[PDB]
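Asker: Encoded as structure tokens, here's the structure I'll be asking about.
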Amino acid sequence: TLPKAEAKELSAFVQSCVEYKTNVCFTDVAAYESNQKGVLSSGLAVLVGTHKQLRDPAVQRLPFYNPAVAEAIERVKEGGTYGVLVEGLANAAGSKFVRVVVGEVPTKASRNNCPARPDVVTXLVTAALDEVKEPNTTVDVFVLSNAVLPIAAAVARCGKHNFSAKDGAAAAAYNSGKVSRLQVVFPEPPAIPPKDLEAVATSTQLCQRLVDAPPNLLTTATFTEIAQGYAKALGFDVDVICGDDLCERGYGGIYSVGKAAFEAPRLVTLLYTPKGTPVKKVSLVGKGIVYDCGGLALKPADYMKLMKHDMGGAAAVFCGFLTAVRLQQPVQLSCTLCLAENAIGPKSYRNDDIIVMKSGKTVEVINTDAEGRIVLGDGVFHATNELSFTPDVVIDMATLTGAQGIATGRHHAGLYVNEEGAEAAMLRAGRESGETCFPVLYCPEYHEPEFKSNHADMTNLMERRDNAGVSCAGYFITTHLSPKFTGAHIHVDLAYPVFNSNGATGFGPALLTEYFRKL
Amino acid sequence: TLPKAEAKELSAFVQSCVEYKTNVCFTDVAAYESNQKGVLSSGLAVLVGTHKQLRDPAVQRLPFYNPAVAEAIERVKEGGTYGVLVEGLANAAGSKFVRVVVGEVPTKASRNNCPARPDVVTXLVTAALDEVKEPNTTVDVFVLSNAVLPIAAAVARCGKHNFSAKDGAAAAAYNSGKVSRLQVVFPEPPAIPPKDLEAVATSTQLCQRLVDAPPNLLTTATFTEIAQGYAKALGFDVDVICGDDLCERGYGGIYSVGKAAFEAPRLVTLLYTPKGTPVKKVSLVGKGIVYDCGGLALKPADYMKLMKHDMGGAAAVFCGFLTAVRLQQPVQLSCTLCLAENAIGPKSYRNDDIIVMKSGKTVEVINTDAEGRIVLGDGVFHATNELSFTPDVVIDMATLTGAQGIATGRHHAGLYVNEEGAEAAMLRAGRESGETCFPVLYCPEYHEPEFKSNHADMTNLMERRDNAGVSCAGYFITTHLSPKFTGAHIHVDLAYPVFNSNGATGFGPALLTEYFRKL
Amino acid sequence: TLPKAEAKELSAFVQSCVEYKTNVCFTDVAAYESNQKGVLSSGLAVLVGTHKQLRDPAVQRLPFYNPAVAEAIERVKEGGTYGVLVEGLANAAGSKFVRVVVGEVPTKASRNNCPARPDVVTXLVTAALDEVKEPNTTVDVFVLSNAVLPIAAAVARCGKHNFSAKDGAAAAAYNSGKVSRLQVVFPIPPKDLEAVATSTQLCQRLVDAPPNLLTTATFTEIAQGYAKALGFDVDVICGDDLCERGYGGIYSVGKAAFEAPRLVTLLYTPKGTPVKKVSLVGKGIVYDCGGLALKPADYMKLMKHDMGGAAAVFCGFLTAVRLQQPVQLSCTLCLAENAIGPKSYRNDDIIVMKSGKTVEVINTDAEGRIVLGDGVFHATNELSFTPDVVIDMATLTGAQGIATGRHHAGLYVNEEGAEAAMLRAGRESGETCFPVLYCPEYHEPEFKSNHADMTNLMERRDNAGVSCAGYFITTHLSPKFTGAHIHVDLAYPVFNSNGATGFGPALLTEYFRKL
Ligand SMILES: CCCCC[C@H](CC(=O)NO)C(=O)N[C@H](C(=O)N1CCC[C@H]1CO)C(C)C
Ligand SMILES: CCCCC[C@H](CC(=O)NO)C(=O)N[C@H](C(=O)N1CCC[C@H]1CO)C(C)C
Ligand SMILES: CCCCC[C@H](CC(=O)NO)C(=O)N[C@H](C(=O)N1CCC[C@H]1CO)C(C)C
Ligand SMILES: [Mn+2]
Ligand SMILES: [Mn+2]
Ligand SMILES: [Mn+2]
Ligand SMILES: [Mn+2]
Ligand SMILES: [Mn+2]
Ligand SMILES: [Mn+2]
């Protein structure tokens, strides 16, 4: 039994995540010119675009423009912002001055990046919002790109985060009182509906909120309750295998990892079937390690800092699934959340233990901190073998390896994929969404020998360290796919793209939405 | 309460160890020539001996010999094998070809080694069995050494291990389906009976099985049940002091170490008295740390890999005892198993705790990972003071220190002994059995000062590292001997000889059998 | 400087590398059946192929086949070998028995690998040669693949290495007396395959050799020896000349060492109209001790391999000349020892690169990119022509092994077309490759420096390390250059547990072959 006060706090936090709606609205120049009549929404306005786009004639005719803003556009450095004051410009707050902030987006974009450069867009708007005069206002963000999806996510992930514990916000279920309503204004009427872009943005910021939150708030239990809350709200099926049931029912992997912890591990599977004929049957699986302490292979304090992020794969596939339901994307989805805390205690699984996986294959544990692949190997077997349908495509997302960062870096998720066509599709989706990706070596013939075990079918870690580590971890997961399954397997290592110096990025959901969108 | 499924698995595993019988039979050339009539047992046959022995005239007259095998004997490198095919040679499996594998054993053997070189014999047979055409067959291993005991153990420890979790053998109580019946064929009828050699081989492979097994199968509890199972089977007395009873009854050492763990520590004492007059009264004590995680002095993951082996001393004295009973060796034995898990948790004994040992002397714990000597100090006090007799000789066996490997290495167990005569005897037994040993410095005057404590009688670790570490650990154990005891004390550090790159070696039992045999 | 005895030894070693010719010959079943008349070349014979290929009818009709070999083919495990004795089979050595060794090659091959699986082929033949009855014989290796180039290199890199110091071979200029003549028998010209094989084994020999034999000086003398032999131009900028002439990078790195650093540029122009103008640049760190950022002893073990990029581009160039490939080639070897001493470049020093840009040294052990940045500027700016393609090869980063592994070299490439071409060449040659992220917009910020143009190392460690090192090199390209840049990180593929692999030369030969 938890203390009564802590249960009150946790309940409040669950509700805050279930009832979270975004702070971002979307419109266009013409529709703004009619709805607002040229009156600005508050004492701040932001303008963002490429060097050439800021010098387009249409910019002059915007309602905040004046000879100062024109100079600001001259003076601004690429990648940076320039602010100016304008006196007596008509505005809803009645402020004698209005602050205009220009920001220049670069046009340079390599073949493996999103040509819109939403990464910079996010930074520019974050900078501009740092000079905010009053909180709980509405800030007009005029963008000059028409790439609506990437920008929508880029602005959603920007500025101050919706999760906060500062200045007594712990008393208000950790909802930031410092967030500004943001009204994005595209040149054209969008391409995608405003009500749709708002969903994508909500999913990005919910993913962000979950990831950000500390493990004393977001436990295996509260994450499950949140999924349940959304299941009741949007009307989809939820299946939960909790604690010792996992051992009874053959799920040795997720059980062994999570059994040490105070809050029991759970395999939470969600289900959505669209009205009409689905274009593809897709199964999602997320690594949901709510805190990776390392187990008995205890991490040193420096590497254990920010391990609340180890749930980031689960939060991605979850919020990606929530968008699909809300928009009624015509994809038949399973979403399986592998929830556990890799904890240290009397009941820790051990460096030498042998696990009997739900696949039936045995795993010699060399290192308890390689927990992610074990928990996923049960997740992917569940999806390919225990569900009411066989998927065409399996997508597993996880904050799996440090090797990821060394190979593909902080902005690109690593792809271990068994088919060129599906790799290409997910890659394309990265470029379109702005939540980019890149391939790591697919070569099972060289990965398998690294897992030779004396007494088990396989180990959970490479014999040798410097031999395609992002890939070998991916291979391990594939060995626990059902032999029923013949289709396409996409493993997504997103260890670093989930976070930056300001906290979580909400990376994952938008990438999925865009991948689904083009099947 | 464990999960129902895990209890079923554990029970199955207990039974598999209790009812384990060997896969090795033994006979001689003449007896084989008459029983088999020159028909080979399967599509594989192995021939092993020294350079001179392979060129003895008697080899030609063997039933698999031909002009190819004669060339194989020329071509073979010392320490290696050479395989050849022979067409239409009569055999029980009806295979068109029979594979003959020659292996050359070296004759070089230093004063501290076994002149037969069973180490190489084990390797040669392991190599030959790697080309096995069908599992569950019978392979004829023709050896040309008459040193029957060392060869018997050497073949028992060789090839694929009886413990296995591969290819669904987890469903069959972890019994390997991949093992070959091995029929050893000596030149002469063996100096020891075949029914006796089979026991020695069974003990070696049981020891092997226990050590190999992961700590999730072999717990303090299941090990105790195994001892009990054998006690009911062979009719000897078993005494168990479990969990908190240890604290109540003054056993502070073994209690403190093991109390953190999920499964409680146990001091299991076994007793055997032969029908007539015993030649000697011997007390065995084994370090039975089922997993050494280090305690609060938590081991780094690399050094914690393979710590399921830390029980290896207990498994040695246990299986050594089982052989004595089964062969009815005329030795009066006590066998005390010091079973605990050095675990990490809320209830861990601490680096600064003071233990009150069963000896009555107080121990300041400097480092919780030096758990072995504490546990043994209670074990040896129990044997020298609480039993129905006072032993003439105390033998304690343990996987005690890393220092062992630095000093005596992977093949020789370290001996800390208080009397030259007993050191000599155990050394002799090493050379005869092939489970070899070597002395480490005995010099208590220089060991004692390393354990000076401010507030306790002693510490559990040296002030200075690099002052006869194998020995100092031995000394600690001697301080907890009863003052009643005045006989011979043999401390056996077998940290490395218990294992190799293939897993456990079953080192210990045969050394004991041979030591007992020559009192 | 040196003792008279050591100079004698070094000279002998130089000559051994210059006059090295391969031990491998190539032929086919029909041509062997006619030349040899069915008499085997020695008391050993080897048979290598896939599960289905070993069961093809044509195998039966081979001159060593018998009912035992047929069982050996049954008994063999995939990836392993099985040996058998055959009595009185006709053979050149007159041995009462002949040993036949079968080896089974797998057919499983992922999209990023060579379908022939020459990796396994190499292992199989190495295993079979371990049971050799007499050295200095000729062993008949019957292969059942027709993928001639990858197999030729695979057999060249296999078995006992030509460099050896065992059993007094130090007295015979470190030439192994334990090597077998290998006659490969298939079911490209033989004189051409022999060159590719010679290049693979020369690359191997250079890499294997210890840094007390292969110094910056002896490597340069070897290049000179080959320049005199095959008639091509050689340009050498030695020691302090590098400082005088603006080459701050390669000078600073190598100036601490006993033997001075050298920028050795080689030149070849084919008789007709070249299909492309290509400039090669190799990291030639003869020993990477780390400099003042001294490596720990474990990571400094096997750092004689840090020259492996140079040995690749050098031997790749030698093949091009010998076969007269119609490519106009520059080959620039960046030779230095990253040494520790009174004159070590320092962690805080600022280098003035030949490019003109300034480099703040954060860590002296990131020596490779500095040395290469001068190499690629030399090629793109100081030569008699402007290349269409720049290929730089180096044993550059440990990150490589984490990202692409032991069998695939990492590719940082600025154009999809050239990446594709080099990738294809990998799959064909068997010296495989794989891409690492190309994204300069994210790499550049990692090199921000307070007082210099750039640093030589990332601010942050976990951010596409194989790629960032590549980017550094691109900043020192000439602005004259607008063509295709291929950076090849081959840190791990150059070696395995048996020593050097001779990885690089065959990959180039095959890339050139199709341009
Ligand atoms: C020993 C295996 C531990 C598991 C892999 C972990 C990640 C993890 O625990 N996921 O649950 C990791 O990032 N490991 C890194 C790591 O082991 N590698 C792989 C090779 C070098 C280095 C990369 O940083 C470092 C940061 C600890
Ligand atoms: C403080 C630990 C005291 C117990 C010695 C332990 C062995 C142990 O845990 N036994 O249960 C050990 O690991 N010994 C080694 C060790 O601590 N030493 C002492 C100096 C070098 C080395 C000797 O092997 C390690 C490094 C493998
Ligand atoms: C810090 C500067 C390191 C310089 C580059 C070296 C390799 C080198 O010196 N080549 O000359 C490297 O990557 N070394 C590795 C290394 O430092 N890294 C970088 C990140 C983690 C780890 C392995 O990639 C290991 C092998 C020691
Ligand atoms: Mn993790
Ligand atoms: Mn982990
Ligand atoms: Mn221990
Ligand atoms: Mn210990
Ligand atoms: Mn280097
Ligand atoms: Mn270096």
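Identifiers in this document derive from the order of the structure tokens: chains are assigned A, B, ..., residues are numbered from 1 separately in each chain, and ligands are numbered from 1 in order of occurrence.
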Please provide as a PDB file with N, CA, C and O atoms, in the first residue's frame all residues within 6 Å of stretch 193-205 of chain A, with the sequence filter that same-chain residues fewer than 6 positions apart are discarded (counting only C-alpha atoms).

Answerer:
ATOM      1  N   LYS A  21      -5.075  18.257 -23.904  1.00  0.00           N
ATOM      2  CA  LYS A  21      -5.292  18.765 -25.276  1.00  0.00           C
ATOM      3  C   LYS A  21      -4.190  19.800 -25.565  1.00  0.00           C
ATOM      4  O   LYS A  21      -3.635  20.409 -24.631  1.00  0.00           O
ATOM      5  N   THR A  22      -3.859  19.961 -26.844  1.00  0.00           N
ATOM      6  CA  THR A  22      -2.765  20.852 -27.257  1.00  0.00           C
ATOM      7  C   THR A  22      -3.063  22.337 -27.024  1.00  0.00           C
ATOM      8  O   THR A  22      -4.194  22.747 -26.785  1.00  0.00           O
ATOM      9  N   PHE A  26      -4.111  26.194 -35.752  1.00  0.00           N
ATOM     10  CA  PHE A  26      -3.556  26.397 -37.089  1.00  0.00           C
ATOM     11  C   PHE A  26      -4.565  27.082 -38.013  1.00  0.00           C
ATOM     12  O   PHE A  26      -5.757  26.760 -37.985  1.00  0.00           O
ATOM     13  N   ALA A 153       4.403  19.710 -36.110  1.00  0.00           N
ATOM     14  CA  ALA A 153       5.153  18.983 -35.074  1.00  0.00           C
ATOM     15  C   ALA A 153       6.295  19.828 -34.481  1.00  0.00           C
ATOM     16  O   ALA A 153       6.505  19.845 -33.262  1.00  0.00           O
ATOM     17  N   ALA A 156       4.926  22.293 -32.129  1.00  0.00           N
ATOM     18  CA  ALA A 156       4.379  21.571 -30.972  1.00  0.00           C
ATOM     19  C   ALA A 156       5.475  21.203 -29.966  1.00  0.00           C
ATOM     20  O   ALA A 156       5.294  21.392 -28.757  1.00  0.00           O
ATOM     21  N   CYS A 319       1.264   7.171 -28.592  1.00  0.00           N
ATOM     22  CA  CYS A 319       0.742   8.426 -29.143  1.00  0.00           C
ATOM     23  C   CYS A 319       0.573   8.390 -30.663  1.00  0.00           C
ATOM     24  O   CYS A 319      -0.286   9.083 -31.201  1.00  0.00           O
ATOM     25  N   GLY A 506       9.242  14.548 -28.052  1.00  0.00           N
ATOM     26  CA  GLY A 506       8.043  13.940 -28.626  1.00  0.00           C
ATOM     27  C   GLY A 506       8.293  13.300 -29.994  1.00  0.00           C
ATOM     28  O   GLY A 506       7.413  13.286 -30.864  1.00  0.00           O
TER      29      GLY A 506
END

Asker: Env of residue B:332: 10 Å cut, atoms = only C-alpha atoms, seq-sep filter 6 positions within chain, self excluded. Answer as a PyMOL selection string.

Answerer: chain B and resi 271-275+277-283+324-325+389+391

Asker: Counting only C-alpha atoms and all ligand atoms, which protein, DNA or RNA residues come within 9 Å of ligand 7, given as a VMD selection string?

Answerer: chain B and resid 289 292 to 295 297 299 307 310 342 367 to 372 400 to 401

Asker: For chain A, list the residues within 9 Å of chain B, counting only C-alpha atoms, and write the list as a ChimeraX atom specification.

Answerer: /A:244-245,247-250,296-298,344-347,349-356,360-368,454-458

Asker: Based on only C-alpha atoms, which of the residues in chain C come within 10 Å of chain B? I want them as a short mmCIF file (atom, residue, chain, number, x, y, z; two decimals) with N, CA and C atoms, in the first residue's frame.

Answerer:
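Listed below is the output, part11.cif:
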data_model
loop_
_atom_site.label_atom_id
_atom_site.label_comp_id
_atom_site.auth_asym_id
_atom_site.auth_seq_id
_atom_site.Cartn_x
_atom_site.Cartn_y
_atom_site.Cartn_z
N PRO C 67 34.18 -42.79 -53.21
CA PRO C 67 32.97 -42.94 -52.34
C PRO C 67 33.10 -42.31 -50.94
N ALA C 68 34.35 -42.12 -50.47
CA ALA C 68 34.65 -41.47 -49.17
C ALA C 68 34.36 -39.96 -49.19
N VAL C 69 34.87 -39.30 -50.23
CA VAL C 69 34.63 -37.87 -50.48
C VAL C 69 33.11 -37.59 -50.59
N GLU C 71 30.75 -39.27 -49.02
CA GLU C 71 30.28 -39.32 -47.63
C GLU C 71 30.71 -38.04 -46.90
N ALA C 72 31.97 -37.62 -47.08
CA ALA C 72 32.44 -36.35 -46.52
C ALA C 72 31.50 -35.19 -46.84
N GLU C 74 28.29 -35.50 -47.39
CA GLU C 74 27.12 -35.71 -46.51
C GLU C 74 27.40 -35.22 -45.09
N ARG C 75 28.54 -35.64 -44.53
CA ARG C 75 28.85 -35.42 -43.12
C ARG C 75 29.18 -33.98 -42.73
N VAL C 76 29.66 -33.20 -43.70
CA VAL C 76 30.08 -31.81 -43.47
C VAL C 76 28.99 -30.90 -42.92
N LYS C 77 29.38 -30.11 -41.92
CA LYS C 77 28.53 -29.04 -41.35
C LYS C 77 28.72 -27.73 -42.16
N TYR C 82 35.39 -31.01 -43.56
CA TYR C 82 35.54 -32.45 -43.26
C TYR C 82 36.65 -33.05 -44.11
N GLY C 83 37.63 -33.67 -43.47
CA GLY C 83 38.78 -34.28 -44.16
C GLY C 83 38.67 -35.79 -44.26
N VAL C 84 39.27 -36.38 -45.31
CA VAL C 84 39.31 -37.85 -45.53
C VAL C 84 40.59 -38.28 -46.24
N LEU C 85 41.01 -39.52 -46.00
CA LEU C 85 42.16 -40.11 -46.69
C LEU C 85 41.70 -41.00 -47.84
N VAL C 86 42.45 -40.93 -48.94
CA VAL C 86 42.25 -41.74 -50.16
C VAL C 86 43.58 -42.38 -50.48
N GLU C 87 43.58 -43.70 -50.61
CA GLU C 87 44.82 -44.46 -50.80
C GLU C 87 45.17 -44.57 -52.28
N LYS C 96 51.56 -42.08 -50.58
CA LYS C 96 50.71 -43.30 -50.60
C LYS C 96 49.23 -42.93 -50.42
N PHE C 97 49.01 -41.90 -49.60
CA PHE C 97 47.69 -41.30 -49.40
C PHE C 97 47.64 -39.83 -49.86
N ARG C 99 45.17 -36.42 -48.94
CA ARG C 99 44.15 -35.87 -48.06
C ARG C 99 43.19 -35.01 -48.89
N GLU C 131 46.31 -28.58 -41.90
CA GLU C 131 46.76 -29.99 -41.89
C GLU C 131 47.77 -30.26 -43.03
N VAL C 132 48.72 -29.36 -43.24
CA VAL C 132 49.64 -29.48 -44.37
C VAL C 132 50.81 -30.41 -44.03
N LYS C 133 51.04 -31.42 -44.88
CA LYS C 133 52.06 -32.46 -44.67
C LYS C 133 53.51 -31.99 -44.87
#
